[PDB]
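> First, the structure itself, so that you have it in front of you.
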Amino acid sequence: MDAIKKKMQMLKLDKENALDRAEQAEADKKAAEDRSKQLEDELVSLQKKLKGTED
Amino acid sequence: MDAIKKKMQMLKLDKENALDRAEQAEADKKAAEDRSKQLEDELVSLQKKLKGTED
Amino acid sequence: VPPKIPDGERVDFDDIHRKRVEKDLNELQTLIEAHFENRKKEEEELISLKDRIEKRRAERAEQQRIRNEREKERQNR
Amino acid sequence: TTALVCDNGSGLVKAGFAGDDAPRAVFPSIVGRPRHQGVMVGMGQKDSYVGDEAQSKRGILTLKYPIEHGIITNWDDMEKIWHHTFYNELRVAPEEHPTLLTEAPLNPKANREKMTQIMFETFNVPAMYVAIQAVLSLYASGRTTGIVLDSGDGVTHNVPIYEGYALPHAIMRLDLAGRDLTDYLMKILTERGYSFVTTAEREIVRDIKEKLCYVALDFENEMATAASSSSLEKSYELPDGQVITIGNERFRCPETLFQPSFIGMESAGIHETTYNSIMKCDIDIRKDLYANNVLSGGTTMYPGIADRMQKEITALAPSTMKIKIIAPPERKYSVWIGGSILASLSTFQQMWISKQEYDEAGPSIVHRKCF
Ligand SMILES: Nc1ncnc2c1ncn2[C@@H]1O[C@H](COP(=O)(O)OP(=O)(O)O)[C@@H](O)[C@H]1O
Ligand SMILES: [Mg+2]
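Protein chains in written order, with the entry's author numbering: chain N, 1 to 55; chain O, 1 to 55; chain K, 78 to 154; chain B, 5 to 375.
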């Protein structure tokens, strides 16, 4: 037939598109999270040196 | 027919789950990156305050 | 007062796997098997039987023609 | 032993043993006495055909449903239906099986008390329990929160639940359901020339509604399209020939759900009573209810309703919340599947109304702790 092929292929394409988009988003989320952790760690030391400067 | 409809329904359940996961991951990325950039801005303001204290 | 449900232990949303994943594959495979066996049993046998009945019908037609002609030959007076 | 999960419903009685996937016997709940005289002797003509037998002899019967809107209006017929269900469709004597009936929310007390009195005196069951039809549909989805819209054939009710704690002040019960849609379809078919009047022909109109009608995503655009082209006109063959062609009656019949002003009802559609039911809830559980909106019941099987309802609620709701509509493919039997799951639980095994308890407190036991 004809309809089954096109509908099935389009739906599988939709699933694959959503999956890859989710993977890209999660990768960027993990990278941003680690960079945020770095920012926290540096900010604490910045606060410590600021406190010493103020003393 | 009979089995074809059920197979289509399976292909649609995969569609919904993949699309929902993609959207949720995208929202997670947006939230995490906003968190990181706000932390970076806080770090910048701390640098400027340290500069004023140094002056 | 509204009823008070005694406290249990577990579970929920953990039988969705054991009632979904089962038929997610077993039902599809079994229905494919049913369709294959039904098509095999039905279509080829029906076409062959119809051809057989058609041949018998043609033979009946020949017998009818012969009998009709011989009776018309004799009875023609 | 095993429990009997019966589910009276209104339009289709669904029953079966606890612990399975689908009800064992599903058959319309109609009891029809013959109306003509009858001349053949010894034909073995009975005085009342119930269940699926009266959907085959409906040409000479006067079918009448014993359940109008959730409530039961004709107790003798309902007793007959139950007797048929137990003895002929399941063939299990009720003396050796617990039963789990289901009841719509906000129903009259006397109905429930009479139901338990019948089950304990006539059929003489060991123990029976009555459960609200929406909690079961929430069981079947495997959730524990969510607001379930159970649009049956008798009555549409909308019970919100959070973390297992039902909110009794936010139940919005509306009496528009599949039967009113059948009557409205039968009333608008007369605009083309087809007149269905007999109580037997209501079944034919119901079949037309099931097989052809669908819910439009946008009503005005569909009304404009059906009035210009002819790509919508689908034909259907009556039980005797004379095919009929349904035009824009296709999406006008189920549109009554979202605009109950069509059949003269004042209230708002099923798209706005859900939002009102949510807004009565507390301010901190509205996000979860928005994200876990559940559909159930037969009438929610129209092709294209899970998109129209989502569009409407997204229009009403705040723009930030995510609106998700759970529409499982096994919608029709969702309540019964949930009933089977609930009856199969070990924690639930001591909540049944045991017969000795009924003997000590009378039929009013159902309103007590054993709910
Ligand atoms: N596939 C379908 N499409 C549209 N409407 C349906 C479909 N199946 C059933 N219905 C409607 O739903 C009703 C059955 O609802 P049901 O869930 O059996 O009610 P109850 O809650 O009493 O069991 C029927 O009267 C019919 O009008
Ligand atoms: Mg129901």
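By construction, the Cβ of each residue, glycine as well, lies at the ideal position given by its N, Cα and C atoms.
(1) For ligand 2, I want to know if B:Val9 counts as a neighbour, meaning its beta carbon is within less than 7 angstroms of at least one of the ligand's heavy atoms.
(2) Against chain O, which members of the region 108–123 of chain K pass a CB distance test of less than 7 angstroms?
(3) Three or more C-beta pairs closer than 8 angstroms, one from the region 144–153 of chain B and one from the region 290–308 of chain B: is that the case here?
(4) Beta strand (DSSP E) containing K:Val98: first to last residue?
(5) May I ask which residues mark the beginning and end of the alpha helix (DSSP H) holding B:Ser60?
(6) Using a Cβ cut-off of 8 angstroms (strictly closer), state whether O:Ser45 contacts chain N.
(7) When Cβ atoms are compared, which residues of the region 104–122 of chain B fall closer than 9 angstroms to chain K?
(8) Assuming B:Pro32 and B:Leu16 are in contact, meaning their beta carbons sit under 8 angstroms apart, how far apart are those beta carbons, in whole angstroms?
(9) Which residues of the region 277–307 of chain B have a Cβ closer than 9 angstroms to any Cβ of chain O? Give them in chain order.
(10) Just list the alpha helix (DSSP H) runs in the region 91–144 of chain B, keeping only unbroken ones of 4 residues or longer that don't cross its boundaries, in chain order.
(11) Given 7 angstroms as the limit, tell me if B:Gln137 has its C-beta closer than that to any heavy atom belonging to ligand 2.
(12) If contact means a Cβ-Cβ distance below 8 angstroms, which residues of the region 6–28 of chain B contact chain K?
(13) Anything in chain O within Cβ reach of K:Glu104, meaning under 8 angstroms, just list it in chain order.
(14) Kindly indicate if chain O contains any beta-carbon less than 8 angstroms away from that of K:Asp101.
(15) Let me check understanding here. Comparing Cα to Cα, which of B:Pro258, B:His73 and B:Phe21 lies closest to B:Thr160?
(16) Kindly indicate which three-state DSSP category B:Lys328 falls into: helix, strand or coil?
(17) Considering only their Cβ atoms, is the gap separating B:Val339 from B:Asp154 smaller than 8 angstroms?
(18) Give me the pocket residues for ligand 1, defined as CB within less than 5 angstroms of any heavy atom, sorted by chain position.
(19) Can you pull out the residues from the region 11–22 of chain N whose beta carbon lies closer than 9 angstroms to at least one beta carbon of chain O?
(20) With a threshold of 16 other CB atoms inside 10 Å of the CB of B:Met313, please say whether the residue is buried or exposed.
(21) Check whether the Cβ of N:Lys48 lies closer than 8 angstroms to any Cβ atom in chain O.
(22) Cutting at 7 angstroms between CB atoms, please list the residues of its own chain near B:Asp56, excluding the five before and the five after it.
(23) Who are the near neighbours of B:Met123 in its chain, counting only those whose CB is closer than 7 angstroms to its CB and skipping five residues on each side?
(24) So does B:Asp154 have its beta carbon nearer than 7 angstroms to some heavy atom of ligand 2?
(25) Which whole-angstrom value describes the C-beta separation of B:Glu93 and B:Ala29, a residue pair presumed to lie in contact below a C-beta threshold of 8 angstroms?
(26) Between which two residues does the beta strand (DSSP E) carrying B:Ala29 extend?
(27) Going by the DSSP bridge assignment, what does B:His87 pair with across the sheet?
(28) For B:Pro333, go through chain O and note every residue whose CB falls closer than 7 angstroms to its CB, in chain order.
(29) So which residues on chain O does N:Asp28 lean against when the C-beta distance must stay under 7 angstroms?
(30) Among the candidates B:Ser271, B:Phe223, B:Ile289 and B:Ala228, whose CA atom is the shortest distance from the CA of B:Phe255?
(31) Starting from B:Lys18 and walking both ways along the alpha helix (DSSP H), at which residues does that stretch end?
(32) Just checking my contact of B:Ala58 with B:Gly36 at CB under 8 angstroms: how many whole Å lie between their CB atoms?
(33) Looking only at its chain, what residues have a beta carbon closer than 7 angstroms to the beta carbon of B:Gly168, apart from the 5 residues adjacent to it on each side?
(34) In terms of alpha-carbon separation, which member of B:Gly343, B:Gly342, B:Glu364 and B:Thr304 lies closest to B:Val219?
(35) Could you give the residue range of the beta strand (DSSP E) that holds B:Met305?
(36) Closer than 7 angstroms: is that where the CB of B:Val30 sits relative to any heavy atom of ligand 2?
Result, derived from the coordinates:
(1) no
(2) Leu108, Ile109 and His112
(3) Touching, per the Cβ criterion.
(4) Unbroken run through K:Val98 is the alpha helix (DSSP H), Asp92 to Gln152; no beta strand (DSSP E).
(5) Here B:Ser60 belongs to no alpha helix (DSSP H), and DSSP marks it neither H nor E.
(6) no
(7) none
(8) 6 angstroms
(9) none
(10) 113–125 and 137–144, all fully within the region 91–144 of chain B.
(11) yes
(12) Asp25
(13) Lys6
(14) True, the Cβ-Cβ gap to chain O drops below 8 angstroms.
(15) Nearest C-alpha to B:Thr160: B:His73.
(16) coil
(17) yes
(18) After applying the 5 angstroms Cβ criterion, the set is B:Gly13, B:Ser14, B:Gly15, B:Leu16, B:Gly156, B:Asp157, B:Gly182, B:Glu214, B:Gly301, B:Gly302, B:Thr303 and B:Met305.
(19) Hits within the stretch, in order: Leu11, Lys12, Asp14, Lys15, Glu16, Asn17, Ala18, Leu19, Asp20, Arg21 and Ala22.
(20) buried
(21) no
(22) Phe31 and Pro32
(23) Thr103, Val129 and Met132
(24) yes
(25) Indeed, because the Cβ distance is near 4 angstroms, the residues count as touching under 8 angstroms.
(26) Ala29 to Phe31
(27) Looking at the DSSP assignment, B:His87 forms no beta bridge with any residue, so it has no partner.
(28) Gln9
(29) Simply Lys29.
(30) B:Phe223
(31) Segment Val17 to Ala19 is the beta strand (DSSP E) holding B:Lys18; no alpha helix (DSSP H) there.
(32) 4 angstroms
(33) If you ignore the 5 residues before and after B:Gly168, its C-beta comes within less than 7 angstroms of the C-beta of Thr148, all in its own chain and listed in chain order.
(34) Between B:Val219 and the set B:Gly343, B:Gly342, B:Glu364 and B:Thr304, the nearest pair of CA atoms involves B:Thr304.
(35) Unbroken run through B:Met305: none, as it is neither H nor E.
(36) The answer is no for B:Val30.
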